[PDB]
>>> print(open('my_file.cif').read())   # mmCIF, C-alpha atoms and all ligand atoms
data_final
#
loop_
_atom_site.label_atom_id
_atom_site.label_comp_id
_atom_site.auth_asym_id
_atom_site.auth_seq_id
_atom_site.Cartn_x
_atom_site.Cartn_y
_atom_site.Cartn_z
CA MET Z 1 80.48 104.07 112.93
CA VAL Z 2 79.69 105.86 109.63
CA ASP Z 3 76.57 103.83 108.98
CA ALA Z 4 73.84 106.39 109.75
CA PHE Z 5 75.36 108.66 107.04
CA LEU Z 6 75.05 106.02 104.31
CA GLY Z 7 72.46 106.30 101.58
CA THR Z 8 71.01 108.74 99.06
CA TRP Z 9 70.28 112.29 100.23
CA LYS Z 10 68.50 115.25 98.55
CA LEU Z 11 69.16 118.96 99.26
CA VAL Z 12 66.08 120.51 101.05
CA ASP Z 13 67.51 123.77 102.61
CA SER Z 14 70.55 126.01 101.96
CA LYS Z 15 71.81 129.01 103.92
CA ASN Z 16 74.78 131.20 102.93
CA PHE Z 17 76.04 129.01 100.06
CA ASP Z 18 76.66 132.12 97.96
CA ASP Z 19 78.84 133.53 100.74
CA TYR Z 20 80.83 130.27 100.87
CA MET Z 21 81.27 130.08 97.10
CA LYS Z 22 82.25 133.73 96.87
CA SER Z 23 84.88 133.22 99.59
CA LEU Z 24 86.35 130.40 97.47
CA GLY Z 25 86.47 132.70 94.38
CA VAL Z 26 83.66 131.07 92.42
CA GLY Z 27 82.48 133.45 89.67
CA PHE Z 28 79.04 135.08 89.59
CA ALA Z 29 77.53 133.11 86.83
CA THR Z 30 78.53 129.80 88.43
CA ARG Z 31 77.22 130.94 91.83
CA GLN Z 32 73.72 131.66 89.99
CA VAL Z 33 73.50 128.19 88.76
CA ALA Z 34 74.64 126.70 92.05
CA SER Z 35 72.12 128.76 94.02
CA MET Z 36 69.27 127.06 92.09
CA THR Z 37 70.72 123.53 92.06
CA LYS Z 38 69.57 120.77 94.46
CA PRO Z 39 72.23 118.08 94.43
CA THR Z 40 71.84 114.45 95.34
CA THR Z 41 74.57 113.13 97.66
CA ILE Z 42 75.18 109.36 97.76
CA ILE Z 43 77.40 107.95 100.52
CA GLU Z 44 78.34 104.23 100.27
CA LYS Z 45 80.78 102.00 102.10
CA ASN Z 46 82.69 98.88 101.00
CA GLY Z 47 84.79 97.73 103.91
CA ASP Z 48 87.09 100.59 104.97
CA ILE Z 49 86.47 102.54 101.74
CA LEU Z 50 83.80 105.25 101.57
CA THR Z 51 82.59 106.68 98.28
CA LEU Z 52 80.78 110.03 98.27
CA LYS Z 53 79.02 111.06 95.05
CA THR Z 54 77.48 114.50 94.52
CA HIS Z 55 75.21 114.70 91.48
CA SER Z 56 73.55 117.64 89.76
CA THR Z 57 72.90 118.62 86.02
CA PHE Z 58 75.75 121.08 85.77
CA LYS Z 59 78.36 119.31 87.84
CA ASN Z 60 79.00 115.89 89.32
CA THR Z 61 81.78 114.83 91.70
CA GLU Z 62 82.91 111.55 93.23
CA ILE Z 63 85.55 110.82 95.86
CA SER Z 64 86.68 107.59 97.50
CA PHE Z 65 88.66 107.54 100.74
CA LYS Z 66 89.50 105.68 103.92
CA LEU Z 67 88.74 107.53 107.14
CA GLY Z 68 91.87 109.05 108.58
CA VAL Z 69 94.00 108.66 105.44
CA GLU Z 70 94.90 111.68 103.30
CA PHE Z 71 93.82 111.68 99.65
CA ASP Z 72 94.17 114.00 96.68
CA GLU Z 73 90.92 115.64 95.55
CA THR Z 74 89.83 117.95 92.73
CA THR Z 75 86.79 119.82 93.96
CA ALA Z 76 83.62 120.81 92.08
CA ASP Z 77 85.13 124.30 91.61
CA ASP Z 78 88.44 122.81 90.36
CA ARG Z 79 90.63 123.31 93.42
CA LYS Z 80 93.37 120.67 93.75
CA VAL Z 81 93.44 119.95 97.46
CA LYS Z 82 94.86 117.57 100.04
CA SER Z 83 91.95 116.04 101.96
CA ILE Z 84 91.21 113.92 104.99
CA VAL Z 85 87.88 112.72 106.39
CA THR Z 86 87.42 111.59 109.98
CA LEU Z 87 84.71 111.09 112.59
CA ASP Z 88 84.72 113.70 115.41
CA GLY Z 89 82.01 113.73 117.94
CA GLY Z 90 79.88 111.55 115.67
CA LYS Z 91 80.26 114.08 112.85
CA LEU Z 92 81.82 113.24 109.54
CA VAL Z 93 84.55 115.96 109.17
CA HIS Z 94 86.13 116.54 105.70
CA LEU Z 95 89.19 118.97 105.78
CA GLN Z 96 90.64 120.30 102.50
CA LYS Z 97 94.03 122.06 102.32
CA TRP Z 98 95.52 123.96 99.37
CA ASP Z 99 97.77 127.03 98.98
CA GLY Z 100 98.00 127.30 102.78
CA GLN Z 101 94.18 127.69 102.96
CA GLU Z 102 91.70 125.32 104.50
CA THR Z 103 88.00 124.62 104.31
CA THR Z 104 85.93 122.20 106.36
CA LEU Z 105 82.83 120.27 105.30
CA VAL Z 106 81.17 118.90 108.45
CA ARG Z 107 78.23 116.48 108.29
CA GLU Z 108 76.07 115.89 111.37
CA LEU Z 109 72.78 113.91 111.71
CA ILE Z 110 70.02 115.86 113.49
CA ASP Z 111 66.53 114.35 113.74
CA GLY Z 112 67.28 112.09 110.74
CA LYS Z 113 68.40 114.98 108.51
CA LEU Z 114 71.98 115.37 107.31
CA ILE Z 115 73.29 118.85 108.09
CA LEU Z 116 76.35 119.93 106.08
CA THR Z 117 78.25 122.92 107.46
CA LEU Z 118 80.81 124.46 105.08
CA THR Z 119 83.35 126.96 106.47
CA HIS Z 120 85.96 128.95 104.54
CA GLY Z 121 87.39 132.24 105.76
CA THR Z 122 84.61 133.77 107.82
CA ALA Z 123 81.83 132.30 105.62
CA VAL Z 124 79.66 129.60 107.21
CA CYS Z 125 77.08 127.81 105.04
CA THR Z 126 74.52 125.30 106.32
CA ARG Z 127 72.85 122.89 103.93
CA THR Z 128 70.24 120.35 104.88
CA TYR Z 129 69.76 117.03 103.14
CA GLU Z 130 66.90 114.55 103.59
CA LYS Z 131 67.27 110.82 102.99
CA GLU Z 132 65.69 109.12 99.92
CA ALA Z 133 64.05 105.73 100.44
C1 LIG H 1 78.71 118.72 92.59
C2 LIG H 1 77.62 119.69 92.83
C3 LIG H 1 78.03 120.92 93.61
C4 LIG H 1 76.93 122.04 93.83
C5 LIG H 1 76.31 122.60 92.51
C6 LIG H 1 77.37 123.33 91.71
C7 LIG H 1 76.52 123.78 90.52
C8 LIG H 1 77.35 124.70 89.69
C9 LIG H 1 78.30 123.79 88.98
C10 LIG H 1 79.74 124.06 89.29
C11 LIG H 1 80.26 124.92 90.42
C12 LIG H 1 80.82 124.42 91.75
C13 LIG H 1 80.36 125.43 92.78
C14 LIG H 1 80.66 125.41 94.26
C15 LIG H 1 81.50 124.24 94.64
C16 LIG H 1 81.94 124.46 96.14
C17 LIG H 1 82.51 123.23 96.78
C18 LIG H 1 81.65 122.07 96.86
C19 LIG H 1 80.32 122.37 97.68
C20 LIG H 1 79.50 121.19 97.99
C21 LIG H 1 78.12 121.42 98.44
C22 LIG H 1 77.19 120.24 98.69
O1 LIG H 1 77.67 119.11 98.70
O2 LIG H 1 75.97 120.49 98.99
#
>>> encode(input="my_file.cif", output="structure tokens", more="lines below")
Ligand SMILES: CCCCCCCC/C=C\CCCCCCCCCCCC(=O)O
Amino acid sequence: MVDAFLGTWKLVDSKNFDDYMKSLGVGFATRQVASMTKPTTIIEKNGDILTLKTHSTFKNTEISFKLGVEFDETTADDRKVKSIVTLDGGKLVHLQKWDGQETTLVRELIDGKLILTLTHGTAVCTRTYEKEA
């Protein structure tokens, strides 16, 4: 079910990430660095447990979760959130909740590319990742 998402992925296109970060309250200097960073995202499975790594020089993250089971998460920008990841329409949907706010991180496969759509407030960011061999 999750298997076409698995592997190592490299950022190849980003649209509106500054808008998304600004909506989350990320400061200007951090948004500069982020705007020039191309993370590597690694998605692995071991039974029911998925592990999603995001690697870059200035910041790394890692989460492990079971689909459909809430987990605590501390995001790259240091929000402490309540998270759940599910499959919806073949898309891997990650919902984060904190302080009565929400943001969604939706991953969809289109023509072999992984499209990540990030929504917070009115801001909608689209980032495209391509699979490493
Ligand atoms: C873990 C790498 C995240 C992207 C590079 C961040 C470089 C600047 C370092 C710290 C600031 C964190 C900034 C924005 C974090 C917003 C929430 C996570 C966005 C994930 C985007 C992605 O996976 O492509």
>>> closest_residue(input="my_file.cif", among="Z:62, Z:44, Z:72, Z:3", to="ligand LIG 1 (chain H)", atoms="all atoms listed in the file")
Z:62
>>> closest_atom_pairs(input="my_file.cif", of="chain Z", to="ligand LIG 1 (chain H)", cutoff="8 Å", atoms="all atoms listed in the file", output="tab-separated table")
residue	atom	partner	partner_atom	distance
Z:11	CA	H:LIG1	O2	7.0
Z:20	CA	H:LIG1	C16	7.6
Z:21	CA	H:LIG1	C14	5.5
Z:24	CA	H:LIG1	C16	7.5
Z:26	CA	H:LIG1	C13	6.5
Z:30	CA	H:LIG1	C8	5.4
Z:31	CA	H:LIG1	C13	6.4
Z:32	CA	H:LIG1	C8	7.9
Z:33	CA	H:LIG1	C8	5.3
Z:34	CA	H:LIG1	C7	3.8
Z:35	CA	H:LIG1	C7	7.5
Z:37	CA	H:LIG1	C5	5.7
Z:38	CA	H:LIG1	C5	7.3
Z:39	CA	H:LIG1	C2	5.8
Z:41	CA	H:LIG1	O1	6.8
Z:54	CA	H:LIG1	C1	4.8
Z:55	CA	H:LIG1	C1	5.4
Z:56	CA	H:LIG1	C2	5.5
Z:57	CA	H:LIG1	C7	7.7
Z:58	CA	H:LIG1	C9	4.9
Z:59	CA	H:LIG1	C9	4.6
Z:60	CA	H:LIG1	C1	4.3
Z:61	CA	H:LIG1	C1	5.0
Z:75	CA	H:LIG1	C17	6.2
Z:76	CA	H:LIG1	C12	4.6
Z:77	CA	H:LIG1	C12	4.3
Z:78	CA	H:LIG1	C12	7.9
Z:116	CA	H:LIG1	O2	7.1
Z:118	CA	H:LIG1	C19	7.7
Z:127	CA	H:LIG1	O2	6.3
>>> closest_residue(input="my_file.cif", among="Z:133, Z:4, Z:29, Z:69", to="residue 90 (chain Z)", atoms="all atoms listed in the file")
Z:4
>>> atom_distance(input="my_file.cif", atom1="CA of residue 16 (chain Z)", atom2="CA of residue 92 (chain Z)")
20.4 Å
>>> atom_distance(input="my_file.cif", atom1="CA of residue 105 (chain Z)", atom2="CA of residue 80 (chain Z)")
15.6 Å
>>> residues_near_point(input="my_file.cif", point="(87.0, 106.8, 103.4)", cutoff="7 Å", atoms="all atoms listed in the file", output="NGL selection string")
:Z and (48-51 or 64-67 or 85)
>>> residues_near_point(input="my_file.cif", point="(66.8, 118.6, 99.9)", cutoff="9 Å", atoms="all atoms listed in the file", output="ChimeraX atom specification")
/Z:9-14,38-40,127-131
>>> atom_distance(input="my_file.cif", atom1="CA of residue 124 (chain Z)", atom2="CA of residue 19 (chain Z)")
7.6 Å
>>> decode(input="my_file.cif", residues="region 70-89 of chain Z", atoms="N, CA and C atoms", output="PDB file, in the first residue's frame")
ATOM      1  N   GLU Z  70      -1.879   7.917  16.119  1.00  0.00           N
ATOM      2  CA  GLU Z  70      -1.310   9.223  16.477  1.00  0.00           C
ATOM      3  C   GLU Z  70       0.070   9.057  17.122  1.00  0.00           C
ATOM      4  N   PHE Z  71       0.929  10.038  16.885  1.00  0.00           N
ATOM      5  CA  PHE Z  71       2.259  10.070  17.481  1.00  0.00           C
ATOM      6  C   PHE Z  71       2.618  11.521  17.800  1.00  0.00           C
ATOM      7  N   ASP Z  72       3.453  11.691  18.821  1.00  0.00           N
ATOM      8  CA  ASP Z  72       4.044  12.986  19.101  1.00  0.00           C
ATOM      9  C   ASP Z  72       5.186  13.259  18.118  1.00  0.00           C
ATOM     10  N   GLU Z  73       5.333  14.522  17.719  1.00  0.00           N
ATOM     11  CA  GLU Z  73       6.374  14.920  16.775  1.00  0.00           C
ATOM     12  C   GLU Z  73       6.877  16.310  17.174  1.00  0.00           C
ATOM     13  N   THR Z  74       8.180  16.505  16.968  1.00  0.00           N
ATOM     14  CA  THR Z  74       8.801  17.824  17.108  1.00  0.00           C
ATOM     15  C   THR Z  74       9.349  18.183  15.729  1.00  0.00           C
ATOM     16  N   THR Z  75       8.760  19.175  15.094  1.00  0.00           N
ATOM     17  CA  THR Z  75       9.034  19.449  13.698  1.00  0.00           C
ATOM     18  C   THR Z  75      10.386  20.145  13.515  1.00  0.00           C
ATOM     19  N   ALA Z  76      10.774  20.303  12.237  1.00  0.00           N
ATOM     20  CA  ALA Z  76      12.062  20.914  11.908  1.00  0.00           C
ATOM     21  C   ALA Z  76      12.184  22.341  12.471  1.00  0.00           C
ATOM     22  N   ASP Z  77      11.046  23.040  12.536  1.00  0.00           N
ATOM     23  CA  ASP Z  77      10.942  24.383  13.081  1.00  0.00           C
ATOM     24  C   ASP Z  77      10.522  24.383  14.558  1.00  0.00           C
ATOM     25  N   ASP Z  78      10.641  23.254  15.231  1.00  0.00           N
ATOM     26  CA  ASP Z  78      10.509  23.125  16.691  1.00  0.00           C
ATOM     27  C   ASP Z  78       9.081  23.285  17.208  1.00  0.00           C
ATOM     28  N   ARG Z  79       8.082  23.004  16.364  1.00  0.00           N
ATOM     29  CA  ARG Z  79       6.724  22.872  16.891  1.00  0.00           C
ATOM     30  C   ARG Z  79       6.547  21.484  17.501  1.00  0.00           C
ATOM     31  N   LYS Z  80       5.889  21.431  18.657  1.00  0.00           N
ATOM     32  CA  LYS Z  80       5.534  20.164  19.297  1.00  0.00           C
ATOM     33  C   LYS Z  80       4.075  19.885  18.953  1.00  0.00           C
ATOM     34  N   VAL Z  81       3.877  18.863  18.123  1.00  0.00           N
ATOM     35  CA  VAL Z  81       2.594  18.624  17.488  1.00  0.00           C
ATOM     36  C   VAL Z  81       2.121  17.190  17.765  1.00  0.00           C
ATOM     37  N   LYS Z  82       0.820  16.997  17.565  1.00  0.00           N
ATOM     38  CA  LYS Z  82       0.193  15.688  17.571  1.00  0.00           C
ATOM     39  C   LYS Z  82      -0.068  15.324  16.110  1.00  0.00           C
ATOM     40  N   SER Z  83       0.457  14.190  15.668  1.00  0.00           N
ATOM     41  CA  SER Z  83       0.483  13.843  14.251  1.00  0.00           C
ATOM     42  C   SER Z  83      -0.199  12.521  13.980  1.00  0.00           C
ATOM     43  N   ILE Z  84      -0.694  12.401  12.751  1.00  0.00           N
ATOM     44  CA  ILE Z  84      -1.184  11.114  12.252  1.00  0.00           C
ATOM     45  C   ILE Z  84      -0.933  11.095  10.747  1.00  0.00           C
ATOM     46  N   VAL Z  85      -0.567   9.919  10.241  1.00  0.00           N
ATOM     47  CA  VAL Z  85      -0.322   9.718   8.819  1.00  0.00           C
ATOM     48  C   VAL Z  85      -1.234   8.590   8.357  1.00  0.00           C
ATOM     49  N   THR Z  86      -1.896   8.823   7.221  1.00  0.00           N
ATOM     50  CA  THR Z  86      -2.795   7.816   6.667  1.00  0.00           C
ATOM     51  C   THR Z  86      -2.621   7.792   5.156  1.00  0.00           C
ATOM     52  N   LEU Z  87      -3.255   6.832   4.509  1.00  0.00           N
ATOM     53  CA  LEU Z  87      -3.397   6.811   3.049  1.00  0.00           C
ATOM     54  C   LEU Z  87      -4.824   7.253   2.682  1.00  0.00           C
ATOM     55  N   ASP Z  88      -4.953   8.165   1.728  1.00  0.00           N
ATOM     56  CA  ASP Z  88      -6.250   8.717   1.322  1.00  0.00           C
ATOM     57  C   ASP Z  88      -6.171   8.881  -0.173  1.00  0.00           C
ATOM     58  N   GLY Z  89      -6.935   8.080  -0.858  1.00  0.00           N
ATOM     59  CA  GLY Z  89      -6.896   8.250  -2.293  1.00  0.00           C
ATOM     60  C   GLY Z  89      -5.540   7.933  -2.892  1.00  0.00           C
TER      61      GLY Z  89
END
